[PDB]
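Residue numbers (the authors' numbering), protein chains in the order written: chain D, 2 to 890, 915 to 1341; chain E, 800 to 999; chain B, 755 to 804; chain G, 253 to 503; chain U, 1308 to 1373; chain V, 501 to 550.
In what follows, a single structure is set out as structure tokens and then discussed.
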Amino acid sequence: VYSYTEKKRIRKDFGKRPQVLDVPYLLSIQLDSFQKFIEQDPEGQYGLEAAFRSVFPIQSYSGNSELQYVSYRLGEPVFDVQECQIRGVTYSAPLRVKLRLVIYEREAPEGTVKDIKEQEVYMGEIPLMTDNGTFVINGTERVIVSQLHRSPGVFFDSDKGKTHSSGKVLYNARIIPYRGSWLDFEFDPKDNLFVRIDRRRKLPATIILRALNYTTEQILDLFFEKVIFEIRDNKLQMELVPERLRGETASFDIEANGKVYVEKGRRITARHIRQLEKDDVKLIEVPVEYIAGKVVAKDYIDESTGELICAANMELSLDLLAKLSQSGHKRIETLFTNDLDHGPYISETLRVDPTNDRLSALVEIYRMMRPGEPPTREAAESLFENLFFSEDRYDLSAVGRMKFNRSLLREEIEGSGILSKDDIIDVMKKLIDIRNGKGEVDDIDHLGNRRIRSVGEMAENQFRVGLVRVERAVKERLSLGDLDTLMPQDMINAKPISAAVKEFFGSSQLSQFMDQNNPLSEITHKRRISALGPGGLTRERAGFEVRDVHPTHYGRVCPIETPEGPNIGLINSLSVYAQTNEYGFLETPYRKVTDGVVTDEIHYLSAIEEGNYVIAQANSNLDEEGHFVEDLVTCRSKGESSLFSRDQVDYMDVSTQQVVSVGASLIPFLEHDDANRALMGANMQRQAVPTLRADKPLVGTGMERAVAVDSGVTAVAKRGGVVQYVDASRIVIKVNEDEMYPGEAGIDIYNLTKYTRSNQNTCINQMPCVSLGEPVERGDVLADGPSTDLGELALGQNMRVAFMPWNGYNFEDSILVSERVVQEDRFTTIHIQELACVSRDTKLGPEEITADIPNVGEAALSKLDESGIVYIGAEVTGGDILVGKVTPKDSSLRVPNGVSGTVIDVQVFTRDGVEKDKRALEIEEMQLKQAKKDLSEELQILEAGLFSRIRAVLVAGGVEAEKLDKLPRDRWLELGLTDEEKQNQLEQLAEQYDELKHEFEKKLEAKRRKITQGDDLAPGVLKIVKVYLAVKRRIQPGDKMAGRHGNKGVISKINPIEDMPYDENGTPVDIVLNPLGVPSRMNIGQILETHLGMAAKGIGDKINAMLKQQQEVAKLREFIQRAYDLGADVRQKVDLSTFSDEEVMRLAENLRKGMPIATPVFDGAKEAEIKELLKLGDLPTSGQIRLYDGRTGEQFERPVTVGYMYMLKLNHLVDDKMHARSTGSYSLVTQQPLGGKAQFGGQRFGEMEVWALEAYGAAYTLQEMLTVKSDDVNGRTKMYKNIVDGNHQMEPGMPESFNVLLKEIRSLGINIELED
Amino acid sequence: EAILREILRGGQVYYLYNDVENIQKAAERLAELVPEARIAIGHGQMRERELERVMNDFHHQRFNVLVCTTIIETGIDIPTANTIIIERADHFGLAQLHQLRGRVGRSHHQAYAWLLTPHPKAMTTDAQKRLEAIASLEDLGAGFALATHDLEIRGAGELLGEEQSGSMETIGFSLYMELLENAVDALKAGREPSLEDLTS
Amino acid sequence: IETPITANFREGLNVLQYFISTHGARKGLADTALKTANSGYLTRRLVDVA
Amino acid sequence: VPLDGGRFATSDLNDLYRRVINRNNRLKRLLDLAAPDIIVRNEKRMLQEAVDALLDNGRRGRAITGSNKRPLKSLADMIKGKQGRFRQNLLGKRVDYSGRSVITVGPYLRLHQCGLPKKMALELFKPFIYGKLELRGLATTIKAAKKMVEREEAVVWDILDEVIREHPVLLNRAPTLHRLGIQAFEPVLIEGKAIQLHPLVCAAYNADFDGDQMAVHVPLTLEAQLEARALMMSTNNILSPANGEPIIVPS
Amino acid sequence: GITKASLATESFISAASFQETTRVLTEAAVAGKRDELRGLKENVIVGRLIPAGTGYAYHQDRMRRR
Amino acid sequence: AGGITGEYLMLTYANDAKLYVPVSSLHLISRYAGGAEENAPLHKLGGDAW
RNA sequence: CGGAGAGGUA
Ligand SMILES: [Mg+2]
């Protein structure tokens, strides 16, 4: 029931909702998408197989040989990921594919084979995602974020009324195919439906109508309703449907069957239509003006002379009807036109259309498509037939057809990848309906319209782009003759594939450097949802419509966690339970609500299907059956929330924390914060620095273990068993006898990563948490990585805080930090920097790194060896020498000015062929010794495991306690044992030990070769040396530290212990925050966390009291049981009677520093539970205590809040930020000082700061800040001399960057000069 | 339509396939496309007697269309041949394209010179530049302009060496004149015989 | 929205009311960012006319 | 300029001038040859196009391209816009004797003085220290004084307390919106790394203490120090210019 | 408006260091204009004293000298 | 071979570059004439053309 | 002290 890592320290879980679906693997998007990329696909629709079947088989141009594809297989990486990070080479795998080349013999007719060759050709190096989600491209670990772009399909958008200023909205429709030419219909303010293709010239839409072989008659039949007139004995009798008169005004006496139904001047009432239906009317006598404006449907030819009376789509009139009736025409068909319901948007376009048939329509489409090129028949018909109806030059994807048929109210979400006739007709009908108001436009930022294009899809796209170039090269090379001598690999070059996959993985707008100063920062950078990138919107041209959180974001995208600043909401982050659909849309889990019972079946609803049903709220109280306790529950119907009946609901939310991300699910009491402060809390919790010793949060949200385990920072056991040898650098696990495999049993080894350097220059180092001789299970955390404590996220330290103003040292947002905080060595963080020195190949000979340099004392060469490289472990300070280098005529790598630290790792690279120096050689000798020690220690530990299993199976069938030790372990086969299956098992294990012996003799030489192999470097250099400094940046006034609820602030004083406000017991407060930051920034969650942390440390202090004095295990057991009780019907329910009286003494050993508390995000601990838990300890249940002053020794009246707030130290130090400059380098084209801190640069006194001096009277100060201090070199040298000579006086002169301007205008045809 | 334009006029067609292995196929492919033609092949790897056999058949109009490689670059020009069709104008020297474009005519019959190219994405960028270079400057006296545009496309090769038409960064014109006058002085000075002359 | 968030910050906020509060805050933040971008050019235009 | 790898930077103006010179030399030779009119006409056309590309590229639609599918930076492209000479290198420019650091509170200060770290104060006022060390006779050159300041003996802190004494520095925040965004302040030397800022002026600076950084400029001449003390000192800006009401309100 | 009233200034530097530099340079180079350095911006460009504060007395002296 | 079925002879030359020839063209195949059916060498297909 | 791209602080 409890894993052994979770029996060490059981986090007391508050919260009352029983969870029905565990959190998924938090990196499911990256891992599952890329395993959708590289996997053998028998169905052949995903990844590399789909690309190969899409391109191959390829025909030669002469049509005599095709090159076809059989199967593919990923090879093995020549380097491991640690070595890839060390050497600076891509972690890639070879792509070995079996192409098959046929040859057709010229004698026999088309289709015959002479010879058919088939070999495995090497093409490309595709990088492999590591077992976390991160690629290694050049040793810089890059993460590829998913993209949120428009799904190909049909979009009915509109202007809101923002063109041509008449207030008319212009409803437009647009077909966006996945691959092909776009189409879009739009309106003109003259109510004309026009067509255009790929934003070319704008044609009448009836041209595209005719081009599909539609006559005018078919157009009017499809796009309009008919009205039947009949000339008879009196008047033009006309057949009428009752509903046709809705919303018109009566213009005559509407009379039928001798009954005057409607009088003129009346709006046709609902009663009119009802009485017309009741009286069973069909026919109306209409006057002659009721045809005088209406328009005929069909062209009417003479029944005798065969001549056309009225053209198609022509308005009837008086004499027109007379000539129609004198030709014996009895039936008249008319367009059911309106002004509000069925407008004449097609007829007017037919009138403005200058084209009368299909062929001239195709010619018009040609002349719009291609200027020039006088069209023919076959050219135009071919262009139109392959413009939208070719499977190869136009293709909606399967997602494209899905969106197309879904948005057009169809049912078949499968179909052809091309357009058709009825598709375009349905689009046109939908656009006309939207103009009529029936049907509505589609908002673009709806998550049913936006699609997740993850790493698998983008890499497959770039690989297909790489393949199509190889396709052309193979095509032309096969077109080249003499094909019998050649082979696959000769025509097909690997370079296009590798180049076009490397320009994606290396330098793309979405393959970005990994934020790697946390476990949380990694695991929430691998789930970002960028709206930018190729095929997406631009960063600085995104309106407020995109940046708002749409009501579809619930459950799919976190609404709070997003960066603030220039891109708010463009870089959204995924929610906890959200997944990607089979088409790419974001779907979220829900519980299916049956007749009245909330069941436990989980339906993943997408963003479109959600709008039809109604979904309950995450916390709507049901009691033990799935029946809601309330008969009016809060629900979400369609992009909007309401109050619904207890039987009307369809779905419940899965868990109370499905709205938020993983970065904002670790904020306790999130339901009490604001959303601005929750945004700031998530965005700064993403920045915390892993401190020296990790310290658990006393108030978590129970999500800490998921974040620690799911990210790859911890070292977690693959198979359970018993630990056999724990070092600070490795962990050996002897497997249990049941999970272990039959052949090559062995025991598992976890080589922990020691003090290596993260991407953000922080220290990541796994350290073991399991002691020797200790059982572990499958999924048990063995080693805690950077900022983890016993396998749960511990980003910062939990600190005793008091909320009061203290002499203004915490004035605005500042923090007053006790000196006990820096004494206890808790916020001091390691920072590892990497300095590289290069040995260029240059004129007058390359550079030698040997120690001999001129104009140096021996103190500058005290630490460097004979070879010119500083020893490992030598404390350097700013200005020292790490690697001495010479100018061929002091080009040494010096420590930058200001940084201390210890040199902890020196690595040397060298091109193959260049001889190495003595310290270089000893580095490879230690590397050979280390690799041989690793392989040989692996070999002998595996020998011990194999022989331990050999002795374990020897218990039955040939047991020999003393005979087995008469000969050594090697000859453990030919002893006394009956020739049965057990001897076969002994043969298996011993012959596989022999296999391990062979593995030694090859693997050792392979590693020896790898160590002595020269490494590829960029041309120009010879040898590269990298020195790794380790600094311990502790804390000082200035280091910006924050909390979890968005309460940032630099610290303003390191106050000594006795000055700190101490309580009635004598314990000094460690941090004095400010109360004034709580009301105006409504983050009440920090006060609630302060109280809960006070309660937790009270419980931990009581356990520490019962442990410091020795008390029997019954007392501790009873108190811990009381503590794990007292929730208001919580779901934790841990029972201590199953604990074996030893693990209680370890549980209460881990609980002596405060009893950790879980507060799930929106189902947290109420106030009553906090008061009760404070009451269990001997603390005052009001949260606040009386707190004595430190200096005056008297009492702070108005008793103040103390507690245990969990504070982080962010990565905005003050050693990084402080900078100053008197005189240094100067820029070249313009003699202004350089800019930056890396460059020794001066601050920019910009435009606004110049206005800030013009607004004063400071003319002289301004004059020197833009002539003397900066720009006039003849002025600044003399100013330096004057300052040194004690005389403060400027001779200003003329700024040089105005002479630069003068020359750059004078170098045009403009004479600009200075007068007298 | 180009082939029937030249045939029903009464003149031969220079079909330029520029390949030896596939030209045999292209013969019957063109024959199937154009039944109204009398097609035969001639290329440089024929036995050099059948080649002149085909040429002396071609002077006497016994067959219209001659699918042929660039042996006609030398040209044996007849009066009736008046339409050259390049099958792959993608890869050809610009000088070669102009020269073959000059192989037709020599009569009062208005000639044509089609330059069939592959898909505009398929051809290389230098192939593109050659194609607008030949398409644009089309008039009388375009021989010099085409070579002038060929320069700065390929770049003048190294001045003092072999290997015309290369974009190399070798010695400039200023240094070359200096070397030449220095050589003139050192030669005219002391009695120094010529290099190649002492090769005698 | 016709249903106001009926709970203060001392009591909790359930999921839906927090979603609506999140919308309001995101609108405020985006408006602040692009508003600063708009105001800088305005004060530049006034400075270089007076 | 070189990119350290045996090559040189592009410097697009050189490419445009090279095109113009090439075309002009071609035209000169063609005029010396009495060439036919069509070829010299084409060469004069392409010369005119080269001149239009050099003077103002991008006024024509076909912007000339050197690499990266990127239009070249012409002569007129070095003047217009945010990155031209006028707005980037002339109106506002980078300055010597300047520094930048995170700010904290320090509420013991008086209204006219601000904290200043010892390292920053030694680094801005380095020429003043050199002058005083040559005056005291402790280093009879600039090199020995430079070594002394680089070593930080216990005499240079006395020299600082002699040269800080009544020498205002200008504190500045990043979005300097109004004229109370640059204010003079007498320095007090601090054994820290943050610029302590008297908390009455955080209303004028709009400066919360949650990670803001401020820049320290140093007025050199006597006119500038007197301008700072008489116009820009914090004890003179207690009434805002936008309204008569105070701006040093207890916050 | 402040845009057009800033561009239609009598001093072409005060209208060229504002937006739309190239049109100001052409229109003020054809007409052969002259800039007398009156505003507080062109003196910033050419790096002499501001004629507002402590530099106002200096500019008064320079105006009375000629 | 493009929509037709066929039966062929698998020949594994050096480096396992497979070659097939149809059973119809069996007359392109001979037994090894060196008498070294347990000592025969293994050519590569077509040779090093490029 | 070239350019492009990606982030981040106020
Ligand atoms: Mg701030």
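We put the beta carbon where it would ideally sit given N, CA and C, even for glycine.
Could you tell me the distance, in whole angstroms, from the CA atom of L845 (chain D) to the CA atom of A391 (chain G)?
40 Å
On the DSSP letters alone, give me the boundaries of the alpha helix (DSSP H) that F773 (chain B) sits inside.
769–801
Three-state secondary structure (DSSP) at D424 (chain D)?
helix
Let me know if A888 (chain E) comes out buried or exposed under the rule of 16 or more other beta-carbons within 10 Å of its beta-carbon.
buried
Checking contacts by CB at 8 Å: is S1313 (chain U) closer than that to chain B?
yes
With DSSP as the reference, identify every bridge partner of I616 (chain D), one or two as the case may be.
D:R637, D:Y652
In chain order, what residues of the stretch 373–386 of chain G put their CB closer than 9 Å to some CB of chain D?
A373, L374, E375, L376, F377, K378, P379, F380, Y382, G383, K384, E386
Does the Cβ of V1331 (chain U) have 16 or more other Cβ atoms within 10 Å, making it buried, or fewer, making it exposed?
buried
Just to check my reading of the structure: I435 (chain D) and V442 (chain D) have Cβ atoms closer than 8 Å, yes? What is that Cβ distance to the nearest angstrom?
Contact between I435 (chain D) and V442 (chain D) holds: their C-beta atoms lie close to 6 Å from each other, under 8 Å.
Tell me the DSSP secondary structure of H543 (chain V) in three-state form.
coil
Would you list the one or two residues that DSSP bridges to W913 (chain E)?
E:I884
What distance in whole Å lies between the Cβ atoms of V801 (chain B) and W1276 (chain D), which are believed to be in contact at a cut-off of 8 Å?
Under the criterion of beta carbons closer than 8 Å, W1276 (chain D) and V801 (chain B) qualify as touching, at roughly 5 Å.
Between which two residues does the alpha helix (DSSP H) carrying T1329 (chain U) extend?
1328–1337
Can you check which of these residues, D:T113, D:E50, D:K118, D:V137, is closest to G89 (chain D) by C-alpha distance?
Across the set D:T113, D:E50, D:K118, D:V137, the C-alpha of D:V137 shows the shortest separation from the C-alpha of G89 (chain D).
At least one CB of chain D closer than 8 Å to the CB of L412 (chain G): is that the case?
no
Mind checking whether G1266 (chain D) and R425 (chain G) have CB atoms under 8 Å apart?
no
Anyone know if the C-beta pair for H842 (chain E) and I822 (chain E) falls short of 8 Å?
yes
Would you say the beta carbon of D464 (chain G) comes nearer than 7 Å to a heavy atom of ligand 1?
yes
Which residue's Cα is closest to the Cα of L753 (chain D): D:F586, D:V782, D:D254?
D:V782
List the DSSP bridge partners of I882 (chain D).
D:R919
Under 7 Å from any heavy atom of ligand 1, does the C-beta of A455 (chain G) make it?
no
With hydrogens ignored, establish whether the beta-carbon of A1067 (chain D) is closer than 7 Å to any heavy atom of ligand 1.
no
Using a beta-carbon distance below 8 Å, is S66 (chain D) in contact with chain E?
no
Can you pull the chain D residues whose beta carbon is under 9 Å from the beta carbon of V521 (chain V), in chain order?
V114, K115, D116, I117
Quick one: Cα of residue 911 (chain D) to Cα of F670 (chain D), how far?
Chain D lacks the residues between 890 and 915, and residue 911 (chain D) is one of those with no coordinates.
With three or more C-beta pairs closer than 8 Å as the rule, is the stretch 933–945 of chain D touching the stretch 997–1007 of chain D?
no
Going by beta carbon distance, what residues of the same chain come within less than 8 Å of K295 (chain D), once the five residues before and after it are set aside?
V228, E316, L317, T335, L336, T338
With a 10 Å radius around its C-beta and 16 neighbouring C-beta atoms as the bar for buried, classify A1263 (chain D) as buried or exposed.
exposed
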